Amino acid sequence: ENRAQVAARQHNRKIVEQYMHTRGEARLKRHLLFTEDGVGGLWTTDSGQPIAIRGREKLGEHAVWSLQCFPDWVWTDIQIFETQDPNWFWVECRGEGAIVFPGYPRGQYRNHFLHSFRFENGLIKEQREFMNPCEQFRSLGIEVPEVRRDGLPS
């Protein structure tokens, strides 16, 4: 049993590494790292609800959009965490690139990210991304509200 779990964790780690280092035109094939019904997307949004892309095929189609709106995106400072579940990994990293959203000025986006990767049979079943949307607001020229700090300890 431990041999099978050990093997799964070593294999899944290699897929996480591959995912995190995928840049440029290779992003068009990142969806092959997922199960046929795998889900990926952004769990921290302006609205409160995740924006998730469901299915390997739709993930490949979303990649076409991503190469237009995040044309040169890179993940940096990658730290991969194995867990007691051989099929569950977390990643702490940063990310950076141009942001080219419709109807907004071209900007430069930088942020800190946490990723969750859950695996089934050697491929990604669920990827979720967590960040602070305030930095994406700033990259688009959108005003970020401020919590008044006068009454807080300081």
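One rule holds for the numbers: they count along the sequence shown, beginning at 1. In this text, the rigid core denotes the largest set of C-alpha atoms whose superposition between the two forms falls within 1.5 Å.
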Quick note, superposing on core in 9 other deposited structures of this protein and taking C-alpha RMS, the more shifted stretch of 6-14 and 141-149 is 141-149
Averaged over C-alpha atoms, is the B-factor higher for 16-24 or for 136-144 in this PDB entry?
16-24
When mean C-alpha B-factors in the record are compared for 45-53 and 124-132, the larger belongs to 45-53
Residue, from 64, 91, 59, 98, that the PDB entry assigns the highest Cα B-factor
64
Name the third of the chain's ranked CA B-factors that contains residue 115, choosing lowest, middle or highest.
lowest
Where does residue 102 sit by CA temperature factor within its chain: lowest, middle or highest third?
middle
